[PDB]
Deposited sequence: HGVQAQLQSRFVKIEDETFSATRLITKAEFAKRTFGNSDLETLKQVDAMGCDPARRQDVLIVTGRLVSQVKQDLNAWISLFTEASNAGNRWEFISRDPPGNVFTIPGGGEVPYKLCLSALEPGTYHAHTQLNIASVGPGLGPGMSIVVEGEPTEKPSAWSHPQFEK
């Protein structure tokens, strides 16, 4: 099993199983996928009714241990970008024996067929993965800014 015995990821729900890339959405909406236009898409935030590149994953983290734990959350299977997370901190607390609802909002960046899972990382313990779901992303690859750098010109 891929769940942690310490904290279970329960009631995982994915808002969609078919999306387009952030670039494909920019192209369709604005006519181009330049870095500047990708920033206009980013300005829309977590709005998958408007943005066809956005996935929402929701669920609840349920603790089976006696003490508070520290954790962070991500999406398992660069190709995806975070828009927002709840809880919001880089690390958050999961109370002992308690429950933390979560919401992850992501932009699909690159085309492909992904088997995606909520991934929990419990500090000092390790990972837990929720149930997967297959998500197909279509559309043009989203460009990233160059990693080249030089002294200011």
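So which bits of the deposited chain never got modelled?
Unmodelled stretches, in sequence order: 1-5, 83-88, 165-166.
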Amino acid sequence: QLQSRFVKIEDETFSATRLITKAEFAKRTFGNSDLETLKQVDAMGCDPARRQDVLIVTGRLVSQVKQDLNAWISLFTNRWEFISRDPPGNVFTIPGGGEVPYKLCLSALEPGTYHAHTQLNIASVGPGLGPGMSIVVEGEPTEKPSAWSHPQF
From here on, numbers count along this sequence of modelled residues.
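Decide which of the stretches 4-12 and 143-151 has the higher mean C-alpha B-factor, going by the entry.
It is 143-151 that shows the higher mean C-alpha B-factor.
Name the higher of the two by mean Cα B-factor in the PDB entry, 28-36 versus 118-126.
Per the PDB record, 28-36.
Selection from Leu55, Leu61, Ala43, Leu109 [criterion: highest C-alpha temperature factor in the record]
Each of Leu55, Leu61, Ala43, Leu109 was compared by C-alpha B-factor; the highest is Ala43.
Check where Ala49 lands among this chain's C-alpha B-factors and tell me if it's the lowest, middle or highest third.
For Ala49, whose C-alpha B-factor we compare with every modelled residue in the chain, the answer is the middle third.
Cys105 - Cα temperature factor, lowest/middle/highest third of chain:
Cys105: CA B-factor falls in the lowest third of its chain.
Chain-relative CA temperature factor third for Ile135:
Within its chain, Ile135 is a middle-third residue by C-alpha B-factor, going by the deposited values.
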